[PDB]
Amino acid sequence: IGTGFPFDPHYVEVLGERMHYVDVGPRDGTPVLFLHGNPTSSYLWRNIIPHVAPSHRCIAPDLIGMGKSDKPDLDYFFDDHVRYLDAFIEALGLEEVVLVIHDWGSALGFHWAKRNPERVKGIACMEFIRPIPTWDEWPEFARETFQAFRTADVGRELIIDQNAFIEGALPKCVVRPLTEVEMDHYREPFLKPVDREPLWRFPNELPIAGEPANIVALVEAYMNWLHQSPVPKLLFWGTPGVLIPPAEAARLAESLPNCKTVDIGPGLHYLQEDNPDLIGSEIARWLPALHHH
């Protein structure tokens, strides 16, 4: 599994701030927009993009405050990310897209799709955010960790002062061991502790046990949309998974229209780090039949 990031930097000025993005592939078709989550960046897609780029443009932004993007001193609520990504997409003049989404990138992507359904030709998703209505529906192994993350004292100590999301949660949610070169790519945006604000606000935004109410309602709305949308869907899942365990992936295969599921084998949350070649090759194989209108 490759550790390098052989992608030239692109930047666009959005809402006073620069966002970095990968942009490769032909420009005369429907682009594939790759959206990472917490605490990652476009680096997460580095071994998936090469499968798709031969046939399609690949656009992979770094969310504001993350990756190589600028670091405004925001609260980094979900709504901040929505504003920046909405503006990013318009700045690039994107019309129709295919989405490839993960974690908070999936909340952003599904929220954008709900609001722009005529512009989404397909959604490839994995380990995505839906409401977690009670703490018992959160995976046991990660429950006391995320309960501690979601506090103003201990959560800030762990995530901001001690970098626990990068040094702890990220590698704990990859089955194979991450190498130190890979870890240094993930560490680089966050070398200075104060810059870790988005890494703390994100778990505090997760729709768990009814809280925060605004996000629970938003996420319920895009999931209602998704369950009734004919849009083609491609859902990758692993065992045991984290947000989408095997039995829930199977339920989604049945409850989501025009949904193809792909078993990637062992996986927790960052499935792209356990089996990027199957994810990339299956996305590439799925794109052509989405073209026709």
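Numbering starts at 1 and follows the sequence shown.
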Tell me which of 138 to 146 and 212 to 220 has the higher mean C-alpha B-factor in the deposited entry. 138 to 146
Choose from 51, 68, 27, 36 the residue with the greatest Cα B-factor as stated in the PDB record. 27
Out of 107, 100, 91, 85, highest CA B-factor residue: 91
Chain-wide C-alpha B factor ranking for residue 264, given as lowest, middle or highest third: middle
Please say which third, lowest, middle or highest, residue 160 falls into when its CA temperature factor is compared across its chain. lowest
Taking the entry's C-alpha B-factors for this chain, is residue 55 in the lowest, middle or highest third? middle
Please rank the C-alpha B-factors of the chain's modelled residues and tell me whether residue 239 sits in the lowest, middle or highest third. highest
Position of residue 198 among the chain's modelled residues by C-alpha B-factor, lowest, middle or highest third: lowest
